[PDB]
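Trainee: My questions all concern the structure below.
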Amino acid sequence: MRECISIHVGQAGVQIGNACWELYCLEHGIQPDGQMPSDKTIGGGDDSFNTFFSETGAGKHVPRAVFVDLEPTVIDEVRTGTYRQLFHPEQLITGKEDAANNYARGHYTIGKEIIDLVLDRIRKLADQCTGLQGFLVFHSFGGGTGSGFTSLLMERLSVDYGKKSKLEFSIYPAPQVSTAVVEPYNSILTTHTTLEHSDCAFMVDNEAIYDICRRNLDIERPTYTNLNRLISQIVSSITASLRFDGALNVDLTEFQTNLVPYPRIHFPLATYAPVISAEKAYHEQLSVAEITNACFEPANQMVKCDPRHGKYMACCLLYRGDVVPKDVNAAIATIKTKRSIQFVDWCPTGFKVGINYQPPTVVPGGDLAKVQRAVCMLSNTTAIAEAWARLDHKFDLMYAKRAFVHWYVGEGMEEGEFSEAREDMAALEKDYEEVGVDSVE
Amino acid sequence: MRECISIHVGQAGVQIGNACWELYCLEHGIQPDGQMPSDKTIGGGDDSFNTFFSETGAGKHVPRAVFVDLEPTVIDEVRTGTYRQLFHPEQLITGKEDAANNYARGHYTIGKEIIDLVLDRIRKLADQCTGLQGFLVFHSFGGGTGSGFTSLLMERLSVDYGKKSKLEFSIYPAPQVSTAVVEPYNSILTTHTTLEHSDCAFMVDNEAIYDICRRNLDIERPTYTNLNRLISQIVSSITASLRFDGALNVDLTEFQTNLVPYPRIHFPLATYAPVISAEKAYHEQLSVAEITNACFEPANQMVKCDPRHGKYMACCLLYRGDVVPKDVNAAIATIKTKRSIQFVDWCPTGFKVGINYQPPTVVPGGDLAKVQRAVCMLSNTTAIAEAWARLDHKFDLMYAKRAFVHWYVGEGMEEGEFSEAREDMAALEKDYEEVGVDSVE
Amino acid sequence: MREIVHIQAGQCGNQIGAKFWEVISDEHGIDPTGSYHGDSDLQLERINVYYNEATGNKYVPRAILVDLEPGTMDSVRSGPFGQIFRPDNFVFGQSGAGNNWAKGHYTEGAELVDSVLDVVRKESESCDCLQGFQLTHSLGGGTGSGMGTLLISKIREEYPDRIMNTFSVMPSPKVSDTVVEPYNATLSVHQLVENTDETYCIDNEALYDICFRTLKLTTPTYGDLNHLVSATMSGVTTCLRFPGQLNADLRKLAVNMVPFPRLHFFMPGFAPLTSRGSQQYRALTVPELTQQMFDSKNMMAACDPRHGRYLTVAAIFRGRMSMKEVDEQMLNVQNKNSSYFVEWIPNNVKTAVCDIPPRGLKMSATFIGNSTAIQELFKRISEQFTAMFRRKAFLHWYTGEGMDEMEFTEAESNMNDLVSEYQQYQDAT
Ligand SMILES: CC(=O)O[C@H]1C(=O)[C@@]2(C)[C@H]([C@H](OC(=O)c3ccccc3)[C@]3(O)C[C@H](OC(=O)[C@H](O)[C@@H](NC(=O)c4ccccc4)c4ccccc4)C(C)=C1C3(C)C)[C@]1(OC(C)=O)CO[C@@H]1C[C@@H]2O
Ligand SMILES: Nc1nc2c(ncn2[C@@H]2O[C@H](COP(=O)(O)OP(=O)(O)O)[C@@H](O)[C@H]2O)c(=O)[nH]1
């Protein structure tokens, strides 16, 4: 059984998961009290709730997810909220003080106190698995728990397990919008485990999502609650071919084999094409051809980036619903035709399609409309180096005067560690300079 | 009249017999209240109930069997259960405390107190016999009553009778699965009477049966009740040519003449080929040819063993139902052809076939389906020495520190008796090393 | 007599064969449940070529379904034709193949092949007099490519003289839906060279082209393209199952299709292909069918025969037809197009004629071509291969699984040598 583990770390990581685990409840037809209703005398793990829901006896569905925070407060929104009996009680693990936007606290001081209780929750879910697929860590670069703790966990998860996929859903720091002033300190230090221990790190940021809500979608005034329904459709499609039938299904490992060229070049941005408001959902031509072109739009990116500034290295089309493939292959051939889209010269064969039959669900009270087709495009590009150049420069400014150093050293790390994680990220940005360039003879 | 005596000793020995005497009730058309129904104005001892059922006056069938336990509790499941008026009251002999997994208690302390009452039950059944065939002791190596008492009885049965066959249906200790920790103590001490006094000891073990239920049969979760219906089809076929017509009938003594080379080389494992679930019973080709090959499968063994590790010495085909012999002789000649199957070099003429016309019965609520043909293969092989090497090593571990010695010595045996029964079993295992090897000139 | 064991392997392998045993199961009037509901006793004389009769006139195929993923098996079981297979022939692991060759050939394939060759011996030990085998699989998949070539290279050690042929789907550069399908196709072309008796190379673009142009379809799925392919696979062994005027087994083709060893890569072709509506407007004959078979636009391999020369072809006709028209049409072709044939072989064409058409029309035919123009396939792959491999891209997912570089360089050279084998036999007198 294609089972998978969600881990939701820190405030952002929890609050995304609300929007994730809201959705799968609708995907598999599960009430907020964990119950499938009486109109499901059909095959459950044939609809494959069984990758995200361990079926407790007597018709009861509890996730394979763990909600971890160093602060009591965030998860206590999940107790009560409405999800107060969806979750297993023992998978909502609270500390007492958060890391408090301090990586040294989340990794050394506070994080170690709950790390074995969290790893022991993993084992209770790891031993219930048959054919474990891997882990889905949610967090934000630029928290304390999202960076400090996640770094601590990913070390421990690499040692105990090794073999399985470990996906990350980070939120990257936005170039203008930021709310912590040590936001770049906590991102340089999370660099270390993100490239080393994760197998595939995704990056999103809030400004590139603000664009999409306002422009494609005509929402006046987004909150985090609005953005995360969007986040969840990207992840819901990723992991949909594990757990629904379709031609050209794609396991969690078939991404990495088809998306990721080299060891540490594993930072693909996602997109999602049918972001359409109810009114604008008429005046559609929402065919396969138009929705494939919309993925390659530099405005429909989930990262503050412009792929016109770099070259794609792989793409990866994950479609849901009313789909005929030859429409897709004819829309690929258009994509290969255009010269505004630069692939690299060593790719040649562009990219991997994957289709699934299960159409998305419209999240109730949600922002999307009812679409028939839907497409994430996970896609390596050299344009995500530009996100890094804009953030190293913020780190290099503050660390030039050794600003907030006294908070960090007095918590269980060294001055020396800044100089290593800065070199570490400077080498990544040098890898993408050397991976964009073809070789000639 | 081809009459035979069942003796059911200890908890395992009783609880098998439930599954045996369930079956013969169906074989000969006997209700659980001992009555043949009104649609049998046909020949009774011509259907030959008369080997296992003394016909009490007024149309009533009571076995020639004796259920012996040192514990009241097991047999009290037979009083009531459903068999509460199948059995003669005086053939259900209870003690008050069991031997309690202690050979010294079952053989010296507790066993002697009921041994003359049991031998006197034998005489009441021995004197009702005309043409007594022999005895069928059921037990388990690694009980107290199954080992201690059985050892005491077999001594007494050799003295009073001598001449007749005395078959045993043991359960051998499984290499991983065991629930008593002095399980090897009780097996070394039962070695003495098993080789000396029995004429043909069978061995089964629970793991090799777990395989067959799960794999050939797709039962999720076997209990002892499930395994023993299987056990009973092996014994039901053994003793079927005594008591039904067929060409090439085989008495109880024609095994031993055709199966057993030398005095103490009389430990043949059985198999049974058509272990097929109801659904898998279509998609059959269940001919004679396929079912003969299935006997020689190392997976279809009733012992945790692999005949690919030793050489067969004799085999013995006992078939039931819709059978044409020349199909069998053409399936023998295939078996002689293969070089995977090693006979010894002094056998030459492989083995003995026996056929019977009476098809098996499907036990109601039972695990088999309706099969047309069925085959036990009783077969001497040198691969059963491997079962012994895996159990001597468990004995030799515990007896190296003289672990549970204080329980045994304080019950009516000596420390010296361990050193004799270990030498005794080491000589058997040396006989099979010297019986596998051909002589050259 | 002359049984065929069917080993459908991988995802693609199972989809085709799903539709394959929906055709054969119509050829012989097999119920979905497995009973027989025909009328003509031709359907039963040679049923045993594919089907074991079981107890009480149920007919269980001799097919073995192999996978490294439970999904396809559960689909087939739960579908219209789940009932038809024996449940001991649904052999599958749990951990997916990765669309990785190494993962299906060394790590997770070798673990399973023991439990599958033990099913091959259930089938092979039951047959009267086995003829051949067949994979249905995909060069460009994990299990189709890797596990398929592990099964093949372990059958030649057991059954070293049976016609083992494959219906292998080969990649086309116009339609890509996997990034490392050059890696996965290169390492399996290497195995098909030394191990196989006939290889029916099929592409994707060539099947849309038939759907769009000839059949006048709108919206093709895998469901539709393999429905074609299964009508080819039925044609191959028709004279093995039906009586004919000329017969032709698997072995009969093999023998006079294949000049040299190693050059056993065939291009199928089917005719007729009409739209519905445009069937009352073609008159259905033998000159009509011949003109389609020598048409480029009815090749299920995405090449043009005009870029080379047919070494040899075979023409398998199915229907109540003449022998003069057959013997003439097949003559008028290799006269008018004598520069499209290799001239050191007289009578490049072999005809076979069965008596039994498919169950809707009269007078079908099936073209199987050994053309030199198939090096157009092997070069389009060995250009993509050599463009990724010069960077050593996607390498750690392969060296991680027990392989190394030297398996690549040799396998690239074994593909690039047989380009220089079609090349020699095209030109040079
Ligand atoms: C009113 C009438 O006559 O209907 C025809 C029909 O319209 C035509 C168009 C059929 C039709 O075929 C297709 O449209 C098609 C679909 C997918 C893949 C390939 C073709 C037909 O569907 C297919 C069907 O074929 C058969 O019955 C064959 O025995 C064939 N069978 C299958 O492929 C099959 C189809 C459905 C269910 C089970 C099996 C076959 C061919 C080779 C080897 C074995 C079997 C036929 C004659 C027809 C229809 C029904 C419309 C044609 O195809 C074949 C293979 O016969 C397409 O061009 C021919 C010419 C036929 O006249
Ligand atoms: N003809 C055909 N090819 C297929 C189909 N499905 C997958 N493929 C091919 O198979 C390869 C992928 O292998 P796949 O079957 O997904 O491997 P899996 O992990 O074993 O399912 C690609 O080269 C595809 O073109 C199908 O239905 N028909």
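Letters for chains follow the order of the structure tokens (A, B, ...), residue numbers begin at 1 for each chain, and ligand numbers begin at 1 in the order shown.
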Should the cut-off be 6 Å, what would the residue list for chain B against chain C look like, counting only C-alpha atoms, as a PyMOL selection string?
Mentor: chain B and resi 283-285
Trainee: Would you give me, as a ChimeraX atom specification, the residues in range 341-440 of chain A that DSSP reads as alpha helix (DSSP H)?
Mentor: /A:385-398,405-409,416-435
Trainee: Could you list, as a ChimeraX atom specification, all the residues within 8 Å of ligand 1, counting only C-alpha atoms and all ligand atoms?
Mentor: /C:19,22-27,215,223-235,271-277,279,357-361,364
Trainee: Find the residues near range 187-193 of chain A: any atom within 6 Å, counting only C-alpha atoms, skip ones fewer than 6 places away on the same chain, and give them as an MDAnalysis selection string.
Mentor: chainID A and resid 141:142 147 151 421
Trainee: Write the residues of the selection above to a file with N, CA, C and O atoms, as a PDB file, in the first residue's frame.
Mentor:
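Once written, part_31.pdb looks like this:
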ATOM      1  N   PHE A 141      10.939  28.331   5.378  1.00  0.00           N
ATOM      2  CA  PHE A 141      12.219  28.937   5.705  1.00  0.00           C
ATOM      3  C   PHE A 141      11.982  30.322   6.300  1.00  0.00           C
ATOM      4  O   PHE A 141      11.369  31.147   5.627  1.00  0.00           O
ATOM      5  N   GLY A 142      12.477  30.607   7.527  1.00  0.00           N
ATOM      6  CA  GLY A 142      12.318  31.939   8.115  1.00  0.00           C
ATOM      7  C   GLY A 142      11.306  32.002   9.262  1.00  0.00           C
ATOM      8  O   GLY A 142      10.810  33.071   9.629  1.00  0.00           O
ATOM      9  N   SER A 147      12.495  26.159  10.482  1.00  0.00           N
ATOM     10  CA  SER A 147      13.869  26.070  10.006  1.00  0.00           C
ATOM     11  C   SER A 147      14.717  25.250  10.972  1.00  0.00           C
ATOM     12  O   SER A 147      15.444  24.361  10.545  1.00  0.00           O
ATOM     13  N   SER A 151      15.402  21.170  10.384  1.00  0.00           N
ATOM     14  CA  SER A 151      16.791  20.790  10.203  1.00  0.00           C
ATOM     15  C   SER A 151      17.182  19.656  11.145  1.00  0.00           C
ATOM     16  O   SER A 151      17.964  18.769  10.792  1.00  0.00           O
ATOM     17  N   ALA A 421      27.486  28.058   6.124  1.00  0.00           N
ATOM     18  CA  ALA A 421      26.205  27.989   5.438  1.00  0.00           C
ATOM     19  C   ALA A 421      26.098  29.076   4.355  1.00  0.00           C
ATOM     20  O   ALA A 421      25.276  28.983   3.448  1.00  0.00           O
TER      21      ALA A 421
END
Trainee: Please, which residues of range 344-386 of chain B, numbered as in this document, come out strand (DSSP E or B) from DSSP, as number ranges by chain?
Mentor: B: 351-356, 373-377, 379-381
Trainee: Name the closest residue to residue 13 in chain A among the candidates A:75, A:440, A:42, A:317; distances are taken between atoms, counting only C-alpha atoms.
Mentor: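 Looking at the shortest contact to residue 13 in chain A, the residue is A:75.
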Trainee: Which residues sit within 7 Å of ligand 2, counting only C-alpha atoms and all ligand atoms, listed as number ranges by chain?
Mentor: A: 247-249; C: 10-13, 15-16, 67-69, 96-99, 138-144, 169, 171, 178, 181, 204, 222-223, 226
Trainee: Need the shell around residue 344 in chain B: protein/DNA/RNA residues with any atom at most 7 Å away, counting only C-alpha atoms. Skip same-chain ones fewer than 5 positions apart. Format as a PyMOL selection string?
Mentor: chain B and resi 311-313+436+438
Trainee: Just the residues within 8 Å of residue 183 in chain B, please, counting only C-alpha atoms, with nothing from its chain fewer than 6 positions along; format it as a list in words.
Mentor: residues 101, 142, 143 and 173 of chain B
Trainee: Set the distance at 12 Å and use only C-alpha atoms: which residues neighbour residue 338 in chain C once local chain neighbours fewer than 4 positions away are removed? I'd like the list as a tab-separated table (two decimals) with N, CA, C and O atoms, in the first residue's frame.
Mentor:
chain	number	residue	atom	x	y	z
C	306	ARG	N	10.81	4.54	-47.66
C	306	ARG	CA	11.40	5.10	-48.86
C	306	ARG	C	12.80	5.60	-48.56
C	306	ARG	O	13.55	5.97	-49.45
C	309	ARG	N	15.40	0.18	-48.15
C	309	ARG	CA	14.91	-0.91	-48.98
C	309	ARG	C	14.35	-1.97	-48.05
C	309	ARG	O	14.96	-2.27	-47.03
C	310	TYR	N	13.19	-2.54	-48.40
C	310	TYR	CA	12.77	-3.75	-47.71
C	310	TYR	C	13.77	-4.85	-48.05
C	310	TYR	O	13.99	-5.14	-49.22
C	311	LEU	N	14.38	-5.46	-47.03
C	311	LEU	CA	15.01	-6.74	-47.27
C	311	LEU	C	13.93	-7.72	-47.71
C	311	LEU	O	13.89	-8.14	-48.86
C	331	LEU	N	3.38	-9.70	-57.09
C	331	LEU	CA	4.36	-9.67	-58.17
C	331	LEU	C	4.46	-8.27	-58.73
C	331	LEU	O	5.55	-7.83	-59.09
C	332	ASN	N	3.32	-7.59	-58.86
C	332	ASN	CA	3.33	-6.35	-59.60
C	332	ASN	C	3.98	-5.28	-58.76
C	332	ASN	O	4.15	-4.17	-59.28
C	333	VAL	N	4.26	-5.63	-57.52
C	333	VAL	CA	4.75	-4.65	-56.58
C	333	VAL	C	6.28	-4.62	-56.68
C	333	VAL	O	6.87	-3.55	-56.83
C	334	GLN	N	6.86	-5.82	-56.61
C	334	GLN	CA	8.29	-5.97	-56.63
C	334	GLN	C	8.84	-5.94	-58.07
C	334	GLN	O	9.98	-6.36	-58.34
C	342	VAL	N	15.64	-4.85	-51.90
C	342	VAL	CA	16.97	-5.40	-51.99
C	342	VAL	C	16.96	-6.42	-53.14
C	342	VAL	O	16.13	-7.33	-53.20
C	343	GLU	N	17.93	-6.25	-54.05
C	343	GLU	CA	17.92	-6.97	-55.32
C	343	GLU	C	18.73	-8.26	-55.22
C	343	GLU	O	18.70	-9.05	-56.17
C	344	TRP	N	19.46	-8.46	-54.12
C	344	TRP	CA	20.19	-9.71	-53.99
C	344	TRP	C	19.31	-10.78	-53.38
C	344	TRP	O	19.76	-11.91	-53.17
C	345	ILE	N	18.06	-10.40	-53.10
C	345	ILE	CA	17.08	-11.38	-52.72
C	345	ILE	C	16.00	-11.36	-53.77
C	345	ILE	O	15.27	-10.39	-53.94
C	346	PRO	N	15.86	-12.47	-54.50
C	346	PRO	CA	14.68	-12.65	-55.32
C	346	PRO	C	13.49	-12.98	-54.43
C	346	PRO	O	13.62	-13.66	-53.40
C	347	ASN	N	12.32	-12.45	-54.84
C	347	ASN	CA	11.01	-12.73	-54.25
C	347	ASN	C	11.03	-12.46	-52.77
C	347	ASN	O	11.03	-13.35	-51.92
C	348	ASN	N	11.06	-11.15	-52.54
C	348	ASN	CA	11.18	-10.54	-51.24
C	348	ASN	C	9.92	-10.82	-50.46
C	348	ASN	O	9.98	-10.71	-49.24
Trainee: At a cut-off of 9 Å, using only C-alpha atoms, what residues contact residue 47 in chain B? Leave out same-chain residues fewer than 3 positions from it and give the result as a list in words.
Mentor: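 Neighbouring residues, sequence-local ones excluded: residues 28, 42, 43, 44, 50, 243, 244 and 245 of chain B.
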Trainee: What separation in Å, quoted to one decimal, exists between CA of residue 34 in chain B and CA of residue 86 in chain B?
Mentor: 5.0 Å
